[PDB]
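The chain is numbered in sequence order, starting from 1.
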Amino acid sequence: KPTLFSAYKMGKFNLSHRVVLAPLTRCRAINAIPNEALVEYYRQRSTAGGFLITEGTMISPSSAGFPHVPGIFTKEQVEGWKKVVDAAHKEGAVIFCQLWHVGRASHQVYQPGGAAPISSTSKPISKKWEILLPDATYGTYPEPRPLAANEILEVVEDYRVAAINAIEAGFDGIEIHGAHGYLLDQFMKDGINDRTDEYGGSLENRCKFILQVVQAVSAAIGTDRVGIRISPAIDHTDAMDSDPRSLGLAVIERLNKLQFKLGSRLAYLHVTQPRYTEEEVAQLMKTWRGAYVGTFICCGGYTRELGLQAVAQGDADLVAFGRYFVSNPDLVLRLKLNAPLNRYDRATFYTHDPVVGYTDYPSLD
Ligand SMILES: NC(=O)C1=CN([C@@H]2O[C@H](COP(=O)(O)OP(=O)(O)OC[C@H]3O[C@@H](n4cnc5c(N)ncnc54)[C@H](OP(=O)(O)O)[C@@H]3O)[C@@H](O)[C@H]2O)CCC1
Ligand SMILES: Cc1cc2nc3c(=O)[nH]c(=O)nc-3n(C[C@H](O)[C@H](O)[C@H](O)COP(=O)(O)O)c2cc1C
């Protein structure tokens with residue numbers, strides 16, 4: 001009988017419990033190289049048969065939209081990741097690298113040559129949102145440059161290469177970051193995508209880019225090593241869709257069709273709970289899970305009780321935790337014990353110290 005703490009076969013991989021480390025950007029990978037701080041951070045959070053998803057990891061120089069986030073497009077970066085992955089595996093973890101391109105959610109200071117960030121559109125994120133800059137001030141999101149069709153294929157290739165590099169580093173698989181208003185979401189969401197070509201308009205056209213990515217990374221490393229993350233019901237950085245239910249089902253129908261065509265299942269579908277800044281929200285997530293053929297990871301506001309309930313009721317197979325994992329390196333143990341959870345200090349979510357607010361939250365002895 002499925003519970004939050006029971007084993008699960010995630011296709012190729014065996015898990016011993018259903019508690020997942022959600023992907024969390026933390027900005028400790030100085031100059032984009034995974035380092036000793038990241039090794040300790042993921043090692044602290046590793047459990048035997050526990051699934052870990054890394055922080056968003058750059059697939060290219062133009063991918064950058066936060067300071068000191070890791071990449072996986074150079075040999076130096078891959079060598080850094082090897083040390084992280086080896087340590088996690090020594091603890092018996094299964095670990096996926098999240099492949100991340102921010103699209104228009106960037107700034108000239110992050111872009112090679114100070115070029116404009118790339119996107120589906122020329123429309124910037126509106127001024128009511130600001131971007132954290134490398135000098136600890138907040139700046140304005142600039143006007144992005146809309147990709148030409150040939151250029152989109154180049155980014156698909158960047159994803160493909162990043163997936164190969166992740167496997168070279170020893171990762172068990174990768175997660176495609178298709179959520180939270182970043183590049184792939186800038187194509188999916190009709191509040192952003194104003195294109196009139198083959199990548200704009202219909203749900204078919206809007207889902208084209210992310211499906212090309214899923215197809216490319218699956219070709220590179222296998223369907224069973226690929227997860228995909230989406231967030232159809234949000235408004236973060238103006239990433240709204242007029243019909244989140246249908247958008248989510250459109251992605252899911254295409255994932256299902258691809259699985260049927262290729263003859264195998266993706267590792268999982270990962271969806272974050274609707275959020276704009278409640279029971280319809282609950283039902284939406286159940287509708288999406290019900291439609292997807294395969295493993296479903298839920299995330300967003302889950303607690304010990306909500307997580308137990310999600311797995312017991314069949315609403316999800318795995319439950320991811322973000323903010324609680326920041327402050328509770330041994331979150332799985334704490335959940336198993338119903339121990340109090342350490343409060344997290346949001347002030348150090350995105351600072352760059354390898355210890356302070358990163359690896360110095362205590363575990364239980
Ligand atoms: N994909 C990526 O690379 C990352 C996407 N992330 C997502 O972007 C959005 C904005 O992130 P943020 O860190 O700038 O702000 P946020 O997490 O939304 O928190 C802002 C305020 O909302 C509050 N809030 C009340 N409900 C909640 C709730 N369900 N969840 C996240 N906060 C909440 C939250 O309370 P806490 O400090 O977490 O207790 C805080 O007061 C979030 O949806 C986040 O999940 C952040 C950065 C990079
Ligand atoms: C500091 C911080 C960094 C995050 N980084 C990522 C990220 O790199 N990729 C991603 O898909 N989501 C990211 N998220 C969203 C989280 O994965 C997660 O969905 C969110 O924290 C909600 O789950 P929770 O209620 O358990 O915190 C981040 C969230 C926070 C607070």
Side-chain angles (χ1 to χ4, degrees), residues 10-13 20-25 51-60 62-63 65 69-73 81 94-103 105 118 120 152-167 169 171-189 199 206-232 234 239 247-248 250-256 258-259 262 264-272 288 292 294-299 318 320:
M10 192 175 64
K12 179 178 190 69
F13 306 105
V20 175
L21 169 63
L24 296 157
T25 294
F51 183 38
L52 306 172
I53 306 165
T54 72
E55 64 212 85
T57 303
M58 297 183 299
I59 67 177
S60 67
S62 62
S63 291
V69 299
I72 194 148
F73 53 91
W81 279 121
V94 171
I95 183 168
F96 277 29
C97 177
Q98 187 191 61
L99 306 179
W100 187 28
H101 196 304
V102 298
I118 59 179
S120 60
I152 287 162
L153 284 186
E154 292 172 357
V155 178
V156 174
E157 167 66 6
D158 288 339
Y159 281 105
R160 196 201 56 83
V161 167
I164 294 294
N165 290 347
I167 293 308
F171 278 105
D172 298 291
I174 65 94
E175 179 179 278
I176 312 174
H177 190 339
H180 303 141
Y182 293 117
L183 181 63
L184 296 174
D185 210 29
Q186 289 154 37
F187 279 80
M188 283 184 286
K189 298 283 178 65
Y199 285 95
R206 284 188 279 135
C207 289
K208 187 179 162 77
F209 190 177
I210 186 156
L211 261 294
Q212 282 176 322
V213 172
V214 178
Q215 288 166 14
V217 295
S218 297
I221 66 170
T223 56
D224 54 355
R225 288 179 180 145
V226 173
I228 173 167
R229 196 180 214 206
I230 60 174
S231 63
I234 61 162
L247 173 53
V251 173
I252 287 167
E253 287 163 24
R254 288 165 172 75
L255 297 179
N256 287 342
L258 182 62
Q259 290 179 161
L262 295 186
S264 59
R265 307 270 189 85
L266 299 162
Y268 61 81
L269 171 62
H270 185 175
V271 187
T272 57
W288 290 333
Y292 175 58
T295 296
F296 191 89
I297 313 187
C298 58
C299 192
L318 303 166

**Message:** If the condition is ring-ring contact (aromatic ring centres under 6.0 Å, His included), which residues does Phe209 pass it with, not counting sequence neighbours?
**Reply:** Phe187
**Message:** Can you confirm whether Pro23 sits close enough to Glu55 that some side-chain heavy atom of one is under 4.5 Å from a side-chain heavy atom of the other?
**Reply:** no
**Heavy-atom side-chain proximity of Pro70 to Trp81 below 4.5 angstrom** = yes
**Item:** For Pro232 against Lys189, the heavy-atom pair lying closest together
**Value:** O-CE, 3.4 Å
**Asked** Looking at side-chain heavy atoms only, is the closest gap between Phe73 and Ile59 below 4.5 Å?
**Response** no
**Message:** Any heavy-atom pair between the side chains of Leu318 and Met10 that's under 4.5 Å?
**Reply:** yes
**Asked** What is the distance from atom CZ of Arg206 to atom CG of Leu184, rounded to the nearest 0.5 Å?
**Response** 14.0 Å
**Fill in**
In terms of heavy-atom contacts, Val156 and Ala216 come closest through CG1-CB, 3.6 Å
**Request:** Report yes if some heavy atom in the side chain of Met188 is under 4.5 Å from a heavy atom in the side chain of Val251; otherwise report no.
**Result:** yes
**Asked** Is any side-chain heavy atom of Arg229 closer than 4.5 Å to a side-chain heavy atom of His180?
**Response** yes
**Stepwise side-chain contact (heavy atoms from CB on, under 4.5 Å) check, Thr54 with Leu21** = CA-CA 8 Å; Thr54 72; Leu21 169 63; over 6 Å; no
**Request:** With side-chain contact (heavy atoms from CB on, under 4.5 Å) as the test, would you mind laying out the steps for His101 and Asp158 before giving the verdict?
**Result:** CA-CA 10 Å; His101 196 304; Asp158 288 339; 5.7 Å; no
**Prompt:** Going from NE2 on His270 to OG on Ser231, what distance comes out if it is rounded to the nearest 0.5 angstrom?
**Reply:** 10.0 Å
**Distance (rounded to the nearest 0.5 Å) between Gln259 CD and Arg254 CZ** = 14.5 Å
**Complete:** When rounded to the nearest 0.5 Å, the distance separating CG of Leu255 from CD1 of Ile230 is 7.0 Å
**Asked** Taking C-beta and beyond as the side chain, do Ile167 and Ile174 meet within less than 4.5 Å on heavy atoms?
**Response** no
**Asked** Considering all heavy atoms of both residues, which atom of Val69 and which atom of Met58 are nearest to each other, and what is their separation?
**Response** O-CE, 3.6 Å
**Approximate separation, where rounding is to 0.5 Å, of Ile95 CD1 and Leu52 CG** = 5.0 Å
**Asked** Between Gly181 and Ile234, what is the shortest heavy-atom contact and its length?
**Response** N-CD1, 4.0 Å
**Request:** Please name the pair of heavy atoms, one in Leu99 and one in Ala162, separated by the smallest distance, quoted to 0.1 Å.
**Result:** CD2-CB, 3.9 Å
**Item:** Minimum heavy-atom distance between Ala267 and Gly227, given as atom pair plus value
**Value:** CB-N, 4.2 Å
**Request:** Please tell me if the side chains of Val217 and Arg225 come closer than 4.5 Å, counting only heavy atoms from C-beta onward.
**Result:** no
**Asked** What residue among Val102, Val213, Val155 forms side chain to side chain contact (heavy atoms under 4.5 Å, CB included) with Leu183?
**Response** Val155
**Asked** Does the side chain of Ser218 come under 3.5 Å of the side chain of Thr223 through a donor N or O and an acceptor N or O?
**Response** no
**Item:** Intermediate values then yes/no, side-chain hydrogen bond (donor to acceptor under 3.5 Å, both in side chains), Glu175 and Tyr268
**Value:** CA-CA 9 Å; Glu175 179 179 278; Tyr268 61 81; 2.7 Å; yes
**Residues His177, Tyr182; criterion ring-ring contact (aromatic ring centres under 6.0 Å, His included); working and verdict** = CA-CA 8 Å; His177 190 339; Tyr182 293 117; 5.2 Å; yes
**Message:** Just by distance, no angles: are the side chains of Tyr292 and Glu253 close enough, under 3.5 Å, to form a donor-acceptor pair?
**Reply:** no
**Request:** Enter the distance from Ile72:CD1 to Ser63:OG here, rounded to the nearest 0.5 Å.
**Result:** 12.0 Å
**Prompt:** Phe13 and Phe96: aromatic ring centres closer than 6.0 Å?
**Reply:** yes
**Item:** Derivation of the side-chain contact (heavy atoms from CB on, under 4.5 Å) call for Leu269 and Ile252
**Value:** CA-CA 8 Å; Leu269 171 62; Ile252 287 167; 3.6 Å; yes
**Derivation and outcome, side-chain contact (heavy atoms from CB on, under 4.5 Å), residues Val20 and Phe51** = CA-CA 5 Å; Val20 175; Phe51 183 38; 3.7 Å; yes
